[PDB]
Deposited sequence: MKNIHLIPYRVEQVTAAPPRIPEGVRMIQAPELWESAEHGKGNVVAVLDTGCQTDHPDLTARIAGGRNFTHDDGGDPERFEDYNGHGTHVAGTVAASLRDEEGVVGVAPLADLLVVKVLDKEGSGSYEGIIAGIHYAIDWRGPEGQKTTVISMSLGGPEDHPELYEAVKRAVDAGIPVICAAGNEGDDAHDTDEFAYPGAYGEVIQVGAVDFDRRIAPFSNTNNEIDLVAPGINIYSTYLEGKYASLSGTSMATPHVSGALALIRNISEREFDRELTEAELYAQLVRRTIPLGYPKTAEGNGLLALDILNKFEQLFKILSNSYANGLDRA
């Protein structure tokens, strides 16, 4: 089976952490005007589902599907019972509201809730494969389609249909982002996948093949019951990268005046990093730093 990369829940609160430090650390607000806050993107979150009426997320939900046995296996019921998927969603794209809540990296990007994990954070290879297929093929009512796939999970062994699905996504121009973890090797091990490691807010580094790092310690985002939670784990870094790609895609396609291939989106991501002074085996290309070219 496949499982969430383990993480810790530090705190659950109703106190709004307005713009969380990780969003600020990677310099997302510095890109919001130029990137139209990520508008025109759909990030497919393959996870435990989402609280789709969370005030900070409700305007961002573009659609979703349930591939678990929760709720009788009803494909149209994809709410979150674990909390992790809701937290991911908020880092990617919690709305910018006048009311005090949180705000994500790409607050005008929308979310495709691809529920592939049970309440314990576990799923089958068949389920993750199905979720990737759906993420690629889904089409929303006004031309909407997935532009980034985000995963915080892994399984120990390869599967030909998992590889085929990942390759089909990148061949369609869709970056596939996965958290660094042997128990969680796949799909993060595939060459095509962008694998994300974590630092803390001191920029310290918290079997991997890292492409870059982002903040992963004491990350406040949305959580169950309309609340917020601070989570720590290697995988909290991944949604920062997935949301950032919505911003980077918007800016780069405008500046180059062309549709970008997945390889170009990857290159524009790693151009927006700073080295931290650690070996590339530990930090990859460095820390996500979105305003570095300015």
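Residues 1-2, 184-192, 218-222, 311-330 of the deposited sequence have no C-alpha coordinates in the structure.
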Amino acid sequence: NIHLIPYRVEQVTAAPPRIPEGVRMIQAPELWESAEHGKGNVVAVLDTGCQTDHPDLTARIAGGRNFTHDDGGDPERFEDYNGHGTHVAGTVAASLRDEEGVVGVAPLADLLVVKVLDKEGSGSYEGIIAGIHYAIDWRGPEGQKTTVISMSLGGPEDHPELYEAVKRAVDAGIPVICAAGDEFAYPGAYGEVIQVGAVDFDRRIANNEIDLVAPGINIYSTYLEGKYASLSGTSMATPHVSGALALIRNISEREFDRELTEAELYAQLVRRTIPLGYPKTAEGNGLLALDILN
From here on, numbers count along this sequence of modelled residues.
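For the segment pair 235-243 and 252-260, the entry gives 252-260 the higher mean B-factor, averaged over Cα atoms. Mean C-alpha B-factor is higher over 22-30 than over the other stretch, the pair under comparison being 35-43 and 22-30.
As recorded in the PDB entry, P141 shows the highest C-alpha B-factor of the residues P141, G173, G191, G104.
Highest C-alpha temperature factor among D80, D110, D98, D137, as the PDB entry reports it: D98. For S221, the recorded CA temperature factor ranks within the lowest third of the chain's modelled residues. Remark: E209 belongs to the highest third of its chain, ranked by C-alpha B-factor as recorded. Annotation for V199: CA B-factor lies in the highest third of the chain's modelled residues.
Among all modelled residues in this chain, the alpha-carbon of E164 has a temperature factor (C-alpha) in the middle third. Ranked against the other modelled residues of its chain, the C-alpha B-factor of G131 as given in the entry falls in the lowest third.
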